[PDB]
Amino acid sequence: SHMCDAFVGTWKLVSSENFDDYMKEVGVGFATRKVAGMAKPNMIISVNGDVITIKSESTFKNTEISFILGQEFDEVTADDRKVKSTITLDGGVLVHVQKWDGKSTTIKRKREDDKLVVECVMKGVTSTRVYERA
Ligand SMILES: NC(=O)c1ccc(-n2c(CCC(=O)O)ccc2-c2ccc(F)cc2)cc1
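As summarised from the PDB record, the model derives from X-ray crystallography at a stated resolution of 1.1200 Å.

The name that the PDB entry assigns to the protein is Fatty acid-binding protein, adipocyte, with the source organism given as Homo sapiens. This entry carries the title "Crystal Structure of human FABP4 in complex with 3-[1-(4-carbamoylphenyl)-5-(4-fluorophenyl)pyrrol-2-yl]propanoic acid, i.e. SMILES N1(C(=CC=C1CCC(=O)O)c1ccc(cc1)F)c1ccc(C(=O)N)cc1 with IC50=0.263 microM". Taken from UniProt, the Subunit (literature references left out) comment for the protein reads in full: "Monomer. Homodimer. Interacts with PPARG (By similarity)."

Novice: Got a minute to help me understand the environment of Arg-33 in this structure?
Specialist: By secondary structure assignment, the location of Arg-33 is in helix α2 (residues 30–38). For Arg-33, a relative accessible area of 10% puts it in the buried group. Separated by 46 residues in the primary sequence, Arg-33 and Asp-79 have C-alpha atoms spaced 9.1 Å apart. For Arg-33, the contacting residues outside a window of four places in its chain are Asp-20, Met-23, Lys-24 and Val-28.

Novice: Explain the site of the ligand here, please?
Specialist: Taken together, 21 residues are adjacent to the ligand, and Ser-58, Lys-61, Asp-79, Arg-129 and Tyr-131 come closest. Within the side chain of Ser-58, one N or O atom sits 2.6 Å away from an oxygen atom of the ligand. Interatomic distance of 2.9 Å between a side-chain N/O atom of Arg-129 and an oxygen atom of the ligand. Here the ligand, which alone exposes 560 Å², has 94% of that area covered by the protein. When residues of the shell around the ligand are traced back to their parent elements, those giving at least two are α1 (19–26), α2, β8 (103–112) and β10 (125–133). No other element matches α1, which puts three residues into the shell around the ligand. Residues that form the shell around the ligand fall into these classes: 13 nonpolar, three polar and five charged.

Cut-offs applied
Residues numbered from 1 in each chain as written, not as in the entry; some residues may be left out. Heavy atoms only, no water. Residues with missing side-chain atoms left out of burial classes, pairs and counts. UniProt positions renumbered as here; feature names shortened; annotations may be inferred. Helix = DSSP H or I, 4+ residues; strand = E, 2+ residues; numbered from the N terminus. Buried < 20%, exposed > 50% of the residue type's maximum accessible area, 1.4 Å probe, protein only. Contact = heavy atoms within 4.5 Å. Near = heavy atom within 4 Å. Polar contact = N/O pair within 3.5 Å; in protein donor to acceptor, adjacent residues only side chain to side chain. Areas by Shrake-Rupley, 256 points an atom, 1.4 Å probe, with all protein chains shown as cover. Nonpolar A, V, L, I, M, F, W, Y, C, P; charged D, E, K, R; others polar.

Here's what the structure looks like:
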């Protein structure tokens, strides 16, 4: 109970930095990078018992994942990578690791003031995306 309460709700993207380079590092192709980078998703985070659901909705794609913290799952990403994902809570930060083809990327979400800040890291490339409550 009360797992992730400060993350629950509906969030809207308000800024992005370094996201094209992050996607390039991950291996996303040119056309998908351009359309995805233009996207202004809403992110809807909910909890029911031990299950967390994260939906991301935009003109580019609508995605949905549901998971239990610490319990790996298979994910098909917005670029159609088949990845093995594990999401944990570490010190208040939601940490999402995706593994595929001997590669790994981490997406970290944290509450800062009234924002939800998202840090995407692939090797030495980091992108920061900031969301506000809808
Ligand atoms: N639904 C959407 O428009 C959408 C927008 C961005 C992503 N996204 C994030 C978002 C992190 C966050 O901001 O929480 C990290 C990596 C991706 C990605 C992966 C592959 C790809 F080809 C395009 C984007 C995923 C869905």
